[PDB]
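As a plain string of letters, each chain reads:
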Amino acid sequence: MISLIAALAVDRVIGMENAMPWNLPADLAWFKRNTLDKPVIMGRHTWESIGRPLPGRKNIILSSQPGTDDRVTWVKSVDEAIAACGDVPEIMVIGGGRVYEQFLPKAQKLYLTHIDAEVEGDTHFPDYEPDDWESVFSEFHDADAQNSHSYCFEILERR
Ligand SMILES: CN(Cc1cnc2nc(N)nc(N)c2n1)c1ccc(C(=O)N[C@@H](CCC(=O)O)C(=O)O)cc1
């Protein structure tokens, strides 16, 4: 099964041209904990912004163009991305917007970080219907000396 993992601000904003104006080490620890040892599928832009292969995981980058880093796996389509994952318990799709859009319809689980932040952005997580998902886990956190905003981690299973 396929899972999508994303950090969302108000209005489902997930990205913009510049760096997001927040500091959330807690979300990154959560992202790492949930993706370690699993294949992670990302779009070329996310790859670019991550900047290096993520350690301890099989990195698969979607691009219409030839790959420029032999350390990772480049694919030209959804289906190839999937086949490149092999026979594994769970595949993690890490972004970005165009990628989430194509994978949502095939995902069985959502790992979301809701951030209490109003940011202007040009990329959004796709619209999803709460009633199609069962919130199986949730945990609210206030901002602290390390985290600039309050956030909440939620795990949804498709009904
Ligand atoms: C920009 N980007 C994509 C990114 C960032 N936060 C997200 N947060 C969530 N919840 N979900 C995503 N898909 C997500 N994606 C990044 C940037 C850096 C690292 C990164 O260094 N992660 C290390 C963790 C490093 C650290 O813990 O500081 C890892 O090992 O996963 C990951 C994703």
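Residues numbered from 1 in each chain as written, not as in the entry; some residues may be left out. Heavy atoms only, no water.

The deposited coordinates derive from X-ray crystallography, with the record listing a resolution of 1.8 Å.

**Student:** How would you summarise the site of the ligand if you had to cite specific residues and measurements?
**Tutor:** Near the ligand lie 14 residues; those nearest to it are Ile5, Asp27, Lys32, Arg57 and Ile94. In this structure, an oxygen atom belonging to the ligand sits 2.6 Å away from a side-chain N or O atom of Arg57. Between the ligand and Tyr100, the relevant distance is 3.3 Å, taken from a nitrogen atom to a side-chain nitrogen or oxygen of the residue. With 4 residues, helix α1 (residues 25-35) is the largest single contributor of residues to the shell around the ligand. Grouping the constituent residues of the shell around the ligand by class yields 9 nonpolar, 1 polar and 4 charged. (Near = heavy atom within 4 Å. Polar contact = N/O pair within 3.5 Å; in protein donor to acceptor, adjacent residues only side chain to side chain. Helix = DSSP H or I, 4+ residues; strand = E, 2+ residues; numbered from the N terminus. Nonpolar A, V, L, I, M, F, W, Y, C, P; charged D, E, K, R; others polar.)

**Student:** Break down the side chain of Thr113 for me, with residues and values.
**Tutor:** By the secondary structure assignment, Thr113 is in strand β7 (residues 109-115). Residue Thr113 is classed as buried on the basis of its relative accessible area, which comes to 1%. Not counting residues up to four positions away in its chain, the partners in contact with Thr113 are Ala6, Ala7, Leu8, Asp27, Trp30, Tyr151, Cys152 and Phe153. (Buried < 20%, exposed > 50% of the residue type's maximum accessible area, 1.4 Å probe, protein only. Contact = heavy atoms within 4.5 Å.)

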